[PDB]
Amino acid sequence: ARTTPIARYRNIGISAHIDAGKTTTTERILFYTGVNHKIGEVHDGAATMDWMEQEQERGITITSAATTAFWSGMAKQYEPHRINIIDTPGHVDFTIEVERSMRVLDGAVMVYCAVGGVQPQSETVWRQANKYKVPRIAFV
RNA sequence: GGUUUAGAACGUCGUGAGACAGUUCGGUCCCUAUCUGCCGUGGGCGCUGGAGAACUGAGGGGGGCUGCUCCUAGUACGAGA
Ligand SMILES: Nc1nc2c(ncn2[C@@H]2O[C@H](COP(=O)(O)OP(=O)(O)O)[C@@H](O)[C@H]2O)c(=O)[nH]1
Ligand SMILES: [Mg+2]
Ligand SMILES: [Mg+2]
Ligand SMILES: [Mg+2]
Ligand SMILES: [Mg+2]
Ligand SMILES: [Mg+2]
Ligand SMILES: [Mg+2]
Ligand SMILES: [Mg+2]
Ligand SMILES: [Mg+2]
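Numbering (the authors' numbering), first residue to last: 1 to 140.
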């Protein structure tokens, strides 16, 4: 009945400053987990997370988009864990979306630009995740 | 085509012939280039015995325009846009 065991579930968010690479990382995650047959790119509007017309045209994520992927590993090490990822908007003008998601999620991948690193909205999502007391990993 | 000839009519002015930075219809645009100039093209002589070819380069002319798409690069800049 249960397609995957309880232990093999990973509810995570991808949170960061604007244009830190959240949607691109989500697209590569979907590609390497096989659900997406083309990598696409955000600035051409081919990103799957940026499904709304405004997101496609303006190159930004305005909504928290939740999807699910199956990951075994680089070397197929593990039985397929199911990662429930949510791509959140790093805009300070959409903070309720990230707070909304981050309440329910169990982990956060905080993305940081290698050049800019910690930025204002990275600090904002940091505070939100801290008040929700969630575990974090970081992706530079 | 307009502008200003000769015809005709409207409005207005005048008694009238006629007239109007008023309008309307119709109304003949000539020249075989001597010289200069210019574009090409040769004949004569010269360049120091004659001739055939290859050049040199003074000097002169020609040409010089620019959009859009992509990469750099969603890069620099920008809280973002
Ligand atoms: N050069 C480069 N561009 C990236 C990288 N990650 C994302 N981008 C581009 O940077 C822009 C913003 O990244 P995006 O994935 O949309 O991030 P988000 O807006 O923070 O969710 C897009 O044009 C991406 O294609 C990266 O690691 N290197
Ligand atoms: Mg994005
Ligand atoms: Mg952008
Ligand atoms: Mg006559
Ligand atoms: Mg008359
Ligand atoms: Mg010259
Ligand atoms: Mg010249
Ligand atoms: Mg581009
Ligand atoms: Mg704008």
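C-beta atoms are modelled at their ideal positions from N, C-alpha and C, and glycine is treated no differently.
Beta-carbon proximity list for residue i, same chain, < 7 Å, skipping 5 on both sides
i: residue 42; result: 23, 24, 50 and 59
i: residue 26; result: 14, 49, 85 and 87
i: residue 52; result: 62 and 63
i: residue 71; result: 33, 80, 81 and 83
i: residue 69; result: 29, 30, 33, 35, 83 and 85
i: residue 4; result: 82
Identity of the residues DSSP links to residue i by a beta bridge
i: residue 10; result: 83
i: residue 16; result: 111
i: residue 117; result: 113
Selected residue, minimal CA-CA separation from residue i, among the options
i: residue 96; options: 121, 52, 112 and 74; result: 121
i: residue 103; options: 116, 114 and 125; result: 125
i: residue 119; options: 100, 140, 99 and 132; result: 140
For residue i, three-class secondary structure by DSSP
i: residue 140; result: coil
i: residue 129; result: helix
i: residue 111; result: strand
i: residue 2; result: coil
Residues of its chain near residue i, where Cβ-Cβ distance is below 6 Å and the 5 sequence neighbours each way are ignored
i: residue 108; result: 13, 15, 129, 134 and 136
i: residue 21; result: 111
i: residue 11; result: 84, 105 and 106
i: residue 78; result: 72
i: residue 9; result: 82
i: residue 76; result: none
i: residue 47; result: 23, 27 and 40
### Task
Ignoring anything shorter than 4 residues or poking outside the stretch 45-102, list the alpha helix (DSSP H) runs there in chain order.
For the stretch 45-102, whole alpha helix (DSSP H) runs of length 4 or above, ordered along the chain, are 53-58.
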